[PDB]
């Protein structure tokens, strides 16, 4: 009978790949269907390039793909329209915002699987050791606390200790960190949902200059090569006061034999001043049935299972990844394991989106311009003022003649 083949998530990032293959195998066993799991590179933009090879070839060799929240506009031609397979009631069990994200020109490209948002991880033991009673609310506070804790920890002999780690590698994760910096300084959304390229402004420039000011100071020099797992590993070995990362790092940092188990909390990222908006970049994964799958019916059943209440629950409890079902945020087991889901739910719902809706199929080119110009500031090659001006010019070229 059929073999349903699934490309999604990466065994190179936390436990996602392993857990996903487990879920797929469990569906296989439950239904008596053969399945195979195809692994992927770590970085989402590398995964896109890989999957684009299959799509270009109209390959039937993958039936289901896990896609990023930024992809529906790019991948729509390669997606089976899911809309005929779900009732309005079934669809309403997911966050409307994400269903809408995943719907391009009325086609439901994919089902919401897990969402995501950038948050601040902090060492509560260290904050208390140094006389602080709350995590920082402003970037200036983050910097002050990071300087003082680092000076103390370094003096006590931890030469590996830093104040802050984040994603500064030139790749999609940097676009995410940078949208947070820019938006939390009142500098806008880089490209606004109406199409306006707003990024050339003094607040955005300041946000980038501030980030530059972290590099090799409160953050490792090597941060300009860090993706999610590089940041996480410095943090999880106990060597960073703060980290910007996604929810998944929480369950990993609490696991038995984690050096930082019980020593950390999470909160909303800081901002420039009390009247700036809170910034958490919207991330996450959706499940797409390939337009080139020879087994659409079976693929859709697998996607419905993966997106189901109990599989999302398992994802939440075991991997601390965010459900796309509002009902799971009131589930007693989910909340008992992850009490911060309740506190940060409004942060997750107000998460700020990268400009994938407005750039559509050109999003990946837009994002590359963003991470390359941002990276130039992080390395001290350009000032934020120059970079945001060059970025405006590049995005104008990229999006000239594109309409949403």
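Residue numbers count along the first chain shown, from 1.
- Higher mean CA B-factor, judged across 186 to 194 and 297 to 305 from the recorded values: 297 to 305.
- Averaged over Cα atoms, the B-factor as recorded in the entry is higher for 91 to 99 than for the other of 91 to 99 and 278 to 286.
- When the Cα B-factors of 78, 261, 169, 217 are read from the PDB record, 261 comes out highest.
- As recorded in the entry, 237 carries the highest CA temperature factor of 115, 320, 237, 109.
- In the deposited entry, the Cα temperature factor of residue 221 sits in the middle third of values across the chain's modelled residues.
- The entry lists a Cα temperature factor for residue 232 that places it in the lowest third of the chain's modelled residues.
- Looking at the C-alpha B-factors along this chain, the one for residue 350 belongs to the highest third.
- Per-chain ranking of the deposited C-alpha B factor places residue 164 in the lowest third.
- Compared with the other modelled residues of the chain, the Cα B-factor recorded for residue 37 ranks in the highest third.
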